[PDB]
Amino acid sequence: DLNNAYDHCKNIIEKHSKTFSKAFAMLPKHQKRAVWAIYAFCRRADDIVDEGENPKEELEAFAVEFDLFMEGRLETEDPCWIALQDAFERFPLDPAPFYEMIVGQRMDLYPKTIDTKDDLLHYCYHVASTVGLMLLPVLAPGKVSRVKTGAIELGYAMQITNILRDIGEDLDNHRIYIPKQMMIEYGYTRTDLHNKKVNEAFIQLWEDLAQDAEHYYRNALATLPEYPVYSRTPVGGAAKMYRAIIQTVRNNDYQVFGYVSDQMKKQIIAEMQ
């Protein structure tokens, strides 16, 4: 039934993102549950692409399930779809960012060809900004249009942050998200990258992106007063638990070729309060 389907999504978010599970555990009941179901959609699609053996076939099957879902023709025992069906019935969730997140995950089926910062922002929009857009009707009922730009920019901030701390892990998987034109601009070579070398050129490039992320975090945090009261600490705390990674990397001399404990998360959420 519905309560058990959502409970399955609660376990998914608690297992895969203590950051978001702690942040949004404070939301009122039905909005909290919707967040769980929306997270589960994003987590399933991302896990298919990043950890599936036949990711393209499995993502096509997931996309077809979402097609059936949107036509009201999905018969399933999947708790994530059962919960999401209620969330869409209960709140004016917009299907567009759900479709666009699948487009983003399609991007990650193939090797990267990120040339410019605009290419990078296009990627971040589809795999991260869309998450913000999916959530907005439940985080800010009736106020979506006012907080929308900040939610897109929070997606940019968080995904740029992920990229900046995942350079080595991504490289090991033959994924490169650093824009080629920025490597040319700063003189950071593919051989430097392959050798996992931190040098002056790397630090200049890394700081360029990190300063853009910091700009986007500031813009997003400035919109917190426009959310309803129960979403302000959840959204601001989630933002600040991601942003914390940047100063840690700096304090680690930019060694990102290999960040926030649960107590540290609790501290960040209380500080935000």
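All residue numbers are counted from 1 along the displayed sequence. By rigid core we mean the largest C-alpha set that fits within 1.5 Å across both forms.
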| query | finding |
| --- | --- |
| Stretch with larger C-alpha RMS deviation in 4 other deposited structures of this protein, core superposed, 106-114 versus 149-157 | 106-114 |
| Stretch with larger C-alpha RMS deviation in 4 other deposited structures of this protein, core superposed, 207-215 versus 54-62 | 54-62 |
| Deposited but uncoordinated residues in the residue 258/residue 259 interval | 1 to 3 |
| Given 220-228 and 40-48, the range whose Cα B-factors average higher in the PDB entry | 40-48 |
| Of 135-143 and 84-92, the one with larger mean CA B-factor | 135-143 |
| Candidate set 31, 233, 54, 248 [ranked by C-alpha B-factor, highest] | 54 |
| Residue with highest C-alpha B-factor in the PDB entry, from 210, 61, 70, 239 | 61 |
| Lowest, middle or highest third - CA B-factor, residue 177 | middle |
| Within-chain third of residue 27 by Cα B-factor, per the entry | highest |
| Third of chain Cα B-factors occupied by residue 111 | highest |
| Residue 153 - Cα temperature factor, lowest/middle/highest third of chain | lowest |
| Chain third (lowest, middle, highest) by recorded CA B-factor, residue given as residue 126 | lowest |
